[PDB]
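First the structure, in the form of structure tokens, and then the observations on it.
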Amino acid sequence: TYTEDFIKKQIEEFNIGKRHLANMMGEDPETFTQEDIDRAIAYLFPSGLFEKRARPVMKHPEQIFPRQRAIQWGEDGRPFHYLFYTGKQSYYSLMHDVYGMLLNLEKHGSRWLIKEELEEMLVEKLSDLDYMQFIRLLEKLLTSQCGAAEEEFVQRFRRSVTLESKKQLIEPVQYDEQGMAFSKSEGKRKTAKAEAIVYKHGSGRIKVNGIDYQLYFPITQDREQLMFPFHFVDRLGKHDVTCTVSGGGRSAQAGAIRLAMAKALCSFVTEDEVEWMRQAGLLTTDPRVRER
Amino acid sequence: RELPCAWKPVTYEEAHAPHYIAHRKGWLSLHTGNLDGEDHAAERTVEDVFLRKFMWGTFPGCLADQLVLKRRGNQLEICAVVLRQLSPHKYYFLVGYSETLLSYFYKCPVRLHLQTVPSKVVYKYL
Amino acid sequence: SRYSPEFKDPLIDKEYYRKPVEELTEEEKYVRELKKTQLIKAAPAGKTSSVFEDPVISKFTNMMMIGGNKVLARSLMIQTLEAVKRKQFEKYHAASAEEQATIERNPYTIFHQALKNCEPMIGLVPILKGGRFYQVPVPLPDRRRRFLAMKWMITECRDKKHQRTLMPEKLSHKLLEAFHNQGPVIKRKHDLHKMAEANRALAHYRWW
RNA sequence: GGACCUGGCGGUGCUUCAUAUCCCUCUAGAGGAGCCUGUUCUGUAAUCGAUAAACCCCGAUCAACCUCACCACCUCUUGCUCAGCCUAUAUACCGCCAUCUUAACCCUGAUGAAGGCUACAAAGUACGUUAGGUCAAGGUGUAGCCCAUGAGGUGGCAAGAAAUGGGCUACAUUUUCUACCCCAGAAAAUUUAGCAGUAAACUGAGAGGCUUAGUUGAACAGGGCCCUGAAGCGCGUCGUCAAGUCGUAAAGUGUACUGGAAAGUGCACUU
Ligand SMILES: [Mg+2]
Ligand SMILES: [Mg+2]
Ligand SMILES: [Mg+2]
Ligand SMILES: [Mg+2]
Ligand SMILES: [Mg+2]
């Protein structure tokens with residue numbers, strides 16, 4: 001057990017050590033920070049142990065010792081909080097606030113906070129049923145016409161998960177010296193890497209490493225693979241393609257070129273067509289590779 | 001006792017198992033022999049064995065924990081952790097004696113770095 | 001699998017996406033909106049949006065494959081189709097005016113009908129109990145019977161009694177035989193239908 | 001003698017589902033021929049046994065007149081060098097692999113044995129082990145024989161037969177050879193995986209049967225369990241001759257008659 005005097009001595013020791021470390025590293029003690037402490041301790045006491053916690057560390061004592069033992073009453077013995085005798089003053093105070101806001105509203109993507117992190121915020125252990133109670137109250141608050149204050153209150157208890165599918169980065173439309181518009185893109189399949197330039201206007205000529213596509217790809221399967229992107233969006237014979245492919249084999253190179261042409265052609269089609277190509281599997285890098 | 005009736009302080013090195021040697025523990029000896037391309041790893045191992053036995057027999061009941069044997073160039077540093085039970089005069093005597101024996105036995109400048117502690121620094125209880 | 005469970009199979013149909021928003025049901029509309037969120041797998045080498053694509057012929061080619069040699073399997077398939085086309089043109093040019101209206105020259109129609117004529121309706125499944133495997137008649141699923149027609153055709157064409165007759169010519173002849181309800185594959189279908197009627201004692205076990 | 005309580009069955013079955021491994025189905029390949037090994041029988045005095053120890057100088061290989069090993073006869077002796085043997089022992093240790101084991105507090109029952117849950121909440125809170133393998137990429141010892149467990153010489157030994165287990169080669173027309181790297185011309189039953197860049201086919205790099213880098217690229221993808229998981233119901237609460245030195249896993253209560261009585265029927269009652 002750590003007495004408050006012990007923690008006080010630890011704080012003053014840590015401050016003296018902070019100024020000492022600033023002295024050793026030549027930095028200004030006034031602006032010396034915790035990240036600087038971490039970097040300096042890493043330099044002066046190098047350690048390659050895989051366990052991140054096992055390395056030498058200099059933390060502020062409150063970070064090290066468990067300081068959740070906050071006193072809930074003063075010298076006279078009167079508890080500070082009017083819900084102290086419930087034993088769950090934080091949780092029930094929060095429930096009281098939520099109920100009051102629901103009363104006020106009655107008179108007038110993202111995920112819910114988990115149980116353990118809710119305990120961490122409240123600094124109080126709570127069961128599952130009371131967590132469910134709180135979440136149902138939060139749902140009720142959301143369904144009602146919650147205002148800006150209520151919206152941010154809910155956001156205090158709503159964690160963030162990012163969803164960013166549907167959005168294919170559309171490469172910029174560049175212009176060559178002759179004034180013609182084109183777009184460049186890259187693709188990869190197994191060890192084959194392709195880089196294609198699709199022109200806005202053309203007559204359907206594909207040129208692979210400076211060779212016509214039927215001469216570079218004798219097999220019909222690869223020519224069908226090259227045809228698939230333009231055929232899908234009904235623009236066969238309307239663009240010129242100049243691509244450079246390297247590595248891999250016959251089918252891997254054909255697949256890399258197909259991916260590159262689809263990603264470059266996304267510049268000259270409508271957003272609905274881009275989404276359709278995405279759903280047809282034409283804009284996804286195939287990750288299947290030889291396993292050791 | 002009875003057959004179904006069946007059905008110790010430890011320091012950090014004692015507590016943690018061998019599969020933590022590069023995760024939580026470290027290496028007691030530090031030298032270049034085991035690196036790729038370097039030679040004489042076995043000779044360093046034999047030297048380490050002799051150092052450990054010699055030190056454990058020359059400081060009996062004093063070493064609180066295991067030695068740390070560092071090597072830089074031809075230097076040989078023994079960083080030991082001992083107890084505050086033996087008198088400092090005897091510690092100085094033994095430091096001088098051990099330094100000179102090991103320097104003349106290994107033909108290198110050996111040096112020794114006692115760190116006394118009041119008692120064994122127990123990590124946990126197993 | 002290198003794909004996460006999140007990734008979904010792609011839909012290569014080209015006329016599905018052009019379906020006007022008006023014809024969309026609320027359910028189909030919801031599915032269309034849901035696919036917007038999902039991750040989709042890269043389309044595999046093989047099926048494309050081409051109008052000459054035929055999944056049945058692709059599966060037949062894959063079933064003739066040996067050692068990953070797809071070029072050779074497709075070469076054999078196209079040689080077989082060409083041979084069927086040429087034989088039907090030969091028969092059509094030598095036929096009377098009234099026999100020409102009933103000579104099929106499309107090799108794809110012939111291939112599909114020949115495989116359809118070889119599909120069995122009933123098969124046998126062994127079941128284990130008592131140490132004795134029991135052979136119960138079973139109505140075959142559509143996938144199983146479509147697979148069995150192809151497997152029987154390919155095994156019939158791989159028979160070693162056909163010495164130095166090249167696979168395209170054997171396969172075209174077998175396909176044209178099956179198109180007319182003749183040949184050994186139709187007989188193999190009949191000998192399973194008879195060996196499933198010979199064992200109607202256990203005909204009602206519905207839990208194979 | 002009356003009332004009450006704890007229980008315990010190292011218990012017994014079933015029910016439903018999660019039921020993944022494991023199934024079963026389903027998919028794709030794996031039997032003939034020639035040699036080499038395992039076991040058995042038969043046979044010999046005997047070993048169709050081995051080459052840091054022959055041969056060969058494409059690979060491998062059989063017996064080789066090599067040599068060791070075996071069988072039948074002999075010889076040598078202080079000799080090699082205070083000689084000589086790879087003969088034993090890790091059933092000596094070390095090393096290297098592997099096996100197995102690893103309390104308090106608060107309430108209720110009148111302060112009895114005793115009991116304490118309801119969430120729209122009603123008292124509950126806190127290392128050893130091993131007759132182990134390895135004496136080929138390694139050691140430290142200990143024992144053995146020393147007219148022989150050493151050194152030689154003369155002959156022989158060189159097996160036979162089945163049924164099955166395993167291994168190595170070739171096994172083609174979707175093939176083979178050339179040019180090319182794919183539009184040419186000439187020739188002729190168990191078992192192993194499955195679950196995808198996987199199976200199958202084909203190339204390169206290494207340390208010198210094992211480690212890494214590539215190319216092409218499939219088929220099938222349905223029903224139920226063992227077993228833990230999730231719970232629920234029920235049941236169940238042995239006998240005997242002298243104790244084991246014994247054996248074994250609609251229903252009732254009365255009464256009357258009963259001569260086809262392992263209990264039945266008749267009459268009256270109870271739930
Ligand atoms: Mg022999
Ligand atoms: Mg010898
Ligand atoms: Mg042993
Ligand atoms: Mg009677
Ligand atoms: Mg009676």
Side-chain angles (χ1 to χ4, degrees), chain A residues 87-88 91 95 125-137 189-192 214-223 247-255 286-292, chain B residues 4 6-8 10 14 17-18 42 45-46 49 126, chain C residues 1-3 5 9 41-42 44-46 58-80 82 123-129 131 133-136 138-148 150-151 154-155 157-171 205-208:
Chain A
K88 284 147 58 158
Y91 169 73
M95 295 269 285
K125 277 75 71 177
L126 56 91
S127 71
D128 59 355
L129 289 164
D130 63 10
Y131 169 59
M132 183 177 176
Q133 281 286 345
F134 176 59
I135 293 292
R136 297 193 262 161
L137 280 186
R189 179 84 188 88
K190 296 189 173 180
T191 53
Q214 85 282 0
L215 305 171
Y216 192 84
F217 286 118
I219 303 300
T220 317
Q221 187 178 12
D222 309 312
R223 291 200 298 277
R250 195 200 76 259
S251 44
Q253 284 186 336
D286 193 303
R288 301 177 296 154
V289 296
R290 173 54 58 83
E291 312 278 356
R292 81 292 183 276
Chain B
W7 320 103
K8 176 254 283 174
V10 310
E14 271 171 43
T45 304
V46 170
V49 164
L126 280 167
Chain C
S1 178
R2 179 65 179 86
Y3 280 110
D9 264 10
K41 299 185 181 198
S58 303
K59 210 70 173 177
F60 199 93
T61 303
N62 286 347
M63 284 174 69
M64 278 184 315
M65 185 180 288
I66 295 166
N69 199 5
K70 206 165 212 169
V71 175
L72 178 60
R74 174 142 187 77
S75 174
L76 294 170
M77 188 65 208
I78 63 178
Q79 287 178 46
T80 299
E82 182 193 356
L124 307 181
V125 160
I127 296 170
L128 178 52
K129 181 169 178 288
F133 293 78
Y134 302 127
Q135 310 313 302
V136 301
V138 63
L140 295 173
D142 189 358
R143 312 178 311 277
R144 185 57 181 160
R145 63 182 293 165
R146 263 193 290 141
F147 175 92
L148 285 177
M150 286 156 154
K151 182 68 177 176
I154 299 167
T155 298
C157 293
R158 286 173 178 181
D159 201 274
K160 287 291 144 283
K161 292 177 71 68
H162 308 112
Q163 183 62 255
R164 285 178 64 184
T165 310
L166 303 172
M167 179 85 193
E169 195 279 331
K170 303 183 287 193
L171 189 56
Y205 203 88
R206 293 144 274 163
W207 316 278
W208 51 90

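Chain A is the first sequence line, chain B the second, and so forth, proteins listed ahead of strands; every chain is numbered from 1.
Base pairing of D/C181: no nucleotide in any strand meets the Watson-Crick or G-U wobble criterion (both distances under 3.5 Å). The partner of D/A126 cannot be assigned: no Watson-Crick or G-U wobble pair with both contacts below 3.5 Å exists in any strand. Across all strands shown, the partner of D/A186 is D/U176, judged by Watson-Crick or G-U wobble contacts whose two distances both fall under 3.5 Å. Partner assigned to D/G95 is D/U134, using Watson-Crick or G-U wobble distances below 3.5 angstrom. Base-pair partner of D/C168: D/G34 (Watson-Crick or G-U wobble, both distances under 3.5 Å). Across all strands shown, D/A151 pairs with D/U75; the Watson-Crick or G-U wobble distances both stay below 3.5 Å. With both pairing distances under 3.5 Å, D/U191 is matched to D/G29 as a Watson-Crick or G-U wobble pair. D/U253 is paired with D/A268 under the criterion used here, namely a Watson-Crick or G-U wobble arrangement in which both key atom distances are under 3.5 Å.
Entry note: D/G112 and D/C17 fail the pairing test, Watson-Crick or G-U wobble at under 3.5 angstrom for both distances. With the cut-off at 3.5 Å for both distances, D/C71 forms a Watson-Crick or G-U wobble pair with D/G155. Taken together, D/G260 and D/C246 fail the test for a Watson-Crick or G-U wobble pair, since the two needed distances are not both under 3.5 Å. Judged by the 3.5 Å cutoff on both pairing distances, D/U89 and D/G217 do not qualify as a Watson-Crick or G-U wobble pair. In this structure, D/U265 forms no base pair with D/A143 under the Watson-Crick or G-U wobble definition at 3.5 Å. Taken together, D/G43 and D/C220 do not qualify as a Watson-Crick or G-U wobble pair under the 3.5 Å criterion applied to both distances. Here D/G49 is matched with D/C68 as a Watson-Crick or G-U wobble partner, both contacts being under 3.5 Å. Judged by the 3.5 Å cutoff on both pairing distances, D/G11 and D/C226 do not qualify as a Watson-Crick or G-U wobble pair. The base of D/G7 does not engage D/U81 as a Watson-Crick or G-U wobble partner with both distances under 3.5 Å. Here D/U142 is matched with D/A88 as a Watson-Crick or G-U wobble partner, both contacts being under 3.5 Å.
On the P atoms, D/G31 is 15 Å away from D/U169, given to the nearest whole Å. As rounded to the nearest Å, D/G109 and D/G115 have P atoms that lie 16 Å from one another.
Each of D/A188, D/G217, D/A196 was ranked by its minimum atom distance to the side chain of C/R164; first place goes to D/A188. Closest to the side chain of A/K190, out of D/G197, D/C183, D/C120, is D/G197.
Without both a ring-centre distance below 5.5 Å and an interplanar angle below 30°, D/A218 is not stacked on D/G217. Neighbouring residues D/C80 and D/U81 meet the stacking criterion, with the centres of their six-membered base rings under 5.5 Å apart and the ring planes within 30° of each other. For D/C70 and D/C71, a centre-to-centre distance below 5.5 angstrom and a plane angle below 30 degrees are both found for the six-membered base rings. Not both conditions hold for D/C48 and D/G49, whose six-membered rings lack centres under 5.5 angstrom apart with planes under 30 degrees, so their bases do not stack.
Atom CG of C/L124 is separated from atom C1' of D/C26 by 15 Å (rounded to the nearest Å). Per the geometry, OH belonging to C/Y3 stands 11 Å off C1' belonging to D/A196, to the nearest Å. Rounded to whole Å, atom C1' of D/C26 lies 10 Å from atom CZ of C/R143. Per the geometry, CH2 belonging to C/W208 stands 16 Å off P belonging to D/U25, to the nearest Å.
Nearest heavy atoms, C/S75 versus C/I78: O-CG1, 3.1 Å. Smallest separation of non-hydrogen atoms from A/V289 and A/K190: CG1-CA, 4.4 Å. For the residue pair A/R189 and A/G255, the shortest heavy atom distance occurs at CB-C, 4.1 Å. Nearest approach of A/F217 to A/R223, heavy atoms of both residues: O-NH1, 2.8 Å.
Looking at heavy atoms from C-beta onward, C/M64 lies in side-chain contact with C/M167 at the 4.5 angstrom threshold.
Under 4.0 Å is where a charged nitrogen must lie from a carboxylate oxygen, and between C/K161 and C/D159 no such pair does.
Within the 4.0 angstrom heavy-atom criterion, no nucleotide atom of any strand lies near A/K125. Contacts of C/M167 with the nucleic acid, taken as non-hydrogen atoms under 4.0 Å apart, include base atoms.
A donor and an acceptor atom sit less than 3.5 Å apart, one in the side chain of A/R290 and one in the base of D/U215.
At distances below 3.5 Å, not a single donor-acceptor pair connects side-chain atoms of C/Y205 with backbone N or O atoms of C/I127.
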